[PDB]
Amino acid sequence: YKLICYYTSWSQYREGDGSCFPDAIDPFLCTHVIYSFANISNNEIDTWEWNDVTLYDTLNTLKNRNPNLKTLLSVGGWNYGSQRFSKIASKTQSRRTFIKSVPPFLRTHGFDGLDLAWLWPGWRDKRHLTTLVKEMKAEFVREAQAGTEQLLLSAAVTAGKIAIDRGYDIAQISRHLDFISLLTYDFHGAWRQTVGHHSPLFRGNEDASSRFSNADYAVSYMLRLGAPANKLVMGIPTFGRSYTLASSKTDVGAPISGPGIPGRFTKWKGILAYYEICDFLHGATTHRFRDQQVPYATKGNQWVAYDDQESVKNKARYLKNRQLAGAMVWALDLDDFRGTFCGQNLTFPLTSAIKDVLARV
């Protein structure tokens, strides 16, 4: 079973204990660590942060401690034009330039492959996404002739039906990809004027505006679309999402004035790391949606949807039973990586609970 963990570039900048460098990653925790994100510049893969060459190097020396660890570099992200990606892929020359640039860059910096994170193709883009994956793989195949173990190619794929139908020819891209990380934790929109969980496993009985907005739909759907189970990796989040409440109403349907206030360390409205959530729980009322099998918490006018050890293990069982290829965790810097916040003296609590489950019979 694969355990694929994202590491994010910009976590280095967080104040105090929030600051995470690739140092702090336990090298036997994951099977693949993916570094996010790389830029594209002059139609070629490139560094984002001023010091990526160093961080890349810090990450790839984790391989000294664990020679089986695979690392990938992810290109794209959200800070990065979908429009910018589109431009590069929908033209034969710029697509060629990009593709030729990738293996030497990966080889130089000691990575084992590439993760495409185009978020997200438009309906005009679907055809070019397919050509790019195809052509990128054939390039990795042709470079394997020079003696080194073949570069892996993976892709990050949104878990909303609408976005999938729009941008992704799953049947086609699954053939050339080594795995697909399904992004099963963005199921509760911004437009929404109410509380809700963003990574529910099941739909849950109370009312279904969508019966599609849960991990299980998304998984069944990708299988139906023709991704083999053995290339599919289910995304499990390590963060929560917070909402400022609009009234004293707190349960299903409860109205919302907007996103919840910034976390002390992550400093971004609407999101908390798991280590900020562990502290938030002191003084909170906690509940579990029975149907959706994920928890939420609330205190003052703040309401948080999150994943805990129980829920994350539960998702890991689900994927085992479904015979998927593994889990994808977003992200290591948002787990309790110091191991000091969540009571028990355990570093990467969420990610280890998954790993532990992945190893069971």
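In this text, the rigid core denotes the largest set of C-alpha atoms whose superposition between the two forms falls within 1.5 Å. Throughout, we count residues from 1 along the sequence that is shown.
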So which moves more in 6 other deposited structures of this protein by CA, 202-210 or 235-243, given a superposition on the core?
202-210
Core-superposed comparison in 6 other deposited structures of this protein: bigger Cα RMS shift among 189-197 and 219-227 is in 189-197
Name the higher of the two by mean Cα B-factor in the PDB entry, 61-69 versus 312-320.
61-69
Got a sec? Mean C-alpha B-factor, which is higher, 99-107 or 285-293?
285-293
Using only the C-alpha B-factors in the record, can you name which of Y185, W191, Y275, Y168 has the highest?
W191
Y217, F179, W78, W123, ranked by C-alpha B-factor: the highest one:
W78
With respect to C-alpha B-factor, does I256 fall in the lowest, middle or highest third of the chain as deposited?
highest
How does the C-alpha B factor of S9 compare with the rest of the chain: lowest, middle or highest third?
middle
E149: CA temperature factor from the record, placed by chain third, in the highest
Per the entry's values, where does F140 land by CA temperature factor relative to the rest of its chain, in the lowest, middle or highest third?
lowest
Considering only modelled residues of the same chain, in which third does the CA B-factor of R203 rank: lowest, middle or highest?
highest
